[PDB]
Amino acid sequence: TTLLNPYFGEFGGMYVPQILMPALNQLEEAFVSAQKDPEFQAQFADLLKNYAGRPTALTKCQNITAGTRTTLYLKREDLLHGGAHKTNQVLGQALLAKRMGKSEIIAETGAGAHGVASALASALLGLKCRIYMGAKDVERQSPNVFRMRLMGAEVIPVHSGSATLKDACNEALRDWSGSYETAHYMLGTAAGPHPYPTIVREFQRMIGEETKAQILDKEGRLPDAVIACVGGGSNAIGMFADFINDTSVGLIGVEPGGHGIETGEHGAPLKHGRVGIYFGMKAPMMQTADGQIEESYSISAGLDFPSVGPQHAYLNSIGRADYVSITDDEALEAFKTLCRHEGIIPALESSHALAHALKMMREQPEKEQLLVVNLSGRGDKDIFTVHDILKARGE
């Protein structure tokens, strides 16, 4: 039995080996307790404000919308300590590990953003941190690997399966299957087995809460739509949550279209995959015809999770949220546009959200619309990728 519903409609659940069920039940209890504990909430708020820098700015971008009827704000998760929204929820989960009496952290990472986020939270809070990373990601993300090691974390390359993110996800679960009495598994997105999709949403929901307050203050009304990129779903559900009951507010999630949906080289399972069961949940996923799990392709390494959180699949099924895709080339035009016209270098992940807002504007430039893009991170990490594309293209 559980305290909370492990499903969002038919999506979600707890598809872990039996041995891990007491670990999920323990975590769910500790979370429900923490959410009622004003000492826990105060400690979390203190870390978010004085260590991470919350609240984050809401920036009105005038140059990029000039001569249209679109008003565009960017919620600046790029300004959070660590340079991405991931920092919010790792601080909450590290506090949950402490609450349960654990002093060790296990984390998975693909391109390394969540590994770095886990390592910083662990360094701050005095927790011993070990991070699993597919050997192919290790080889291509030396900067993030070195950041994790500077912060005192152990980075363990994973050589099994495809040696990428899904294989690190398995390895973290394997370890936790034996170590959960002393270690907490700090899952990096709003996916996996219950209670993680719920915990990660609640520890990211300050994004949407602040956005609502900031847009009431600046515009005197709610946005027409809030727009976020979707890897596993954490930044998007963090932006969406506080607006779900505001039925006039559009919720738009943007999956990576990669080389184009029709090529099969993409990362858009919610709209172009097939429901399956993997990583502890029933959810849309990238898989072969006979049920083997596949990689998510995108120009943006941070959009590599090969499935999507179950709350997104549910919000889609009921028509509360709408999901779209943006290709590598659209993302890369949005990246260049924000740099040149606003002086902000966006993460290539976030550039997918911005590319979709730019399309909403350009397609219907006389439509009055008040839009917020969740700028989930900064793009310093991406300037080599972008340089190399532009060079190979002859720009």
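Start at 1 with the first residue shown and count on from there.
Trainee: Select between 135-143 and 316-324 the stretch whose C-alpha atoms have the higher average B-factor in the entry.
Mentor: The recorded data point to 135-143.
Trainee: Which of the two stretches, 64-72 or 329-337, shows the higher mean Cα temperature factor in the record?
Mentor: Per the deposited B-factors, the answer is 64-72.
Trainee: Per the coordinate record, which of the options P193, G82, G273, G233 holds the highest CA temperature factor?
Mentor: In the PDB entry, the greatest C-alpha B-factor among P193, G82, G273, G233 is found at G273.
Trainee: Out of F305, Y185, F203, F243, whose C-alpha atom has the biggest B factor in the entry?
Mentor: Out of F305, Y185, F203, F243, the record gives the largest C-alpha B-factor to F305.
Trainee: Would you check the entry's CA temperature factor for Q214 and let me know if it's in the chain's lowest, middle or highest third?
Mentor: CA B-factor rank for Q214: middle third.
Trainee: Name the third of the chain's ranked CA B-factors that contains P346, choosing lowest, middle or highest.
Mentor: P346: CA B-factor falls in the lowest third of its chain.
Trainee: Looking at the entry's B-factor column for C-alpha atoms only, identify whether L375 ranks in the lowest, middle or highest third of its chain.
Mentor: Ranked within chain, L375 CA B lands in the lowest tercile.
Trainee: So where's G253 on the chain's Cα temperature factor ranking, which third?
Mentor: For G253, whose C-alpha B-factor we compare with every modelled residue in the chain, the answer is the lowest third.
Trainee: Taking the values exactly as deposited, rank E294 by C-alpha B-factor within its chain and report the matching third: lowest, middle or highest.
Mentor: CA B-factor rank for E294: highest third.
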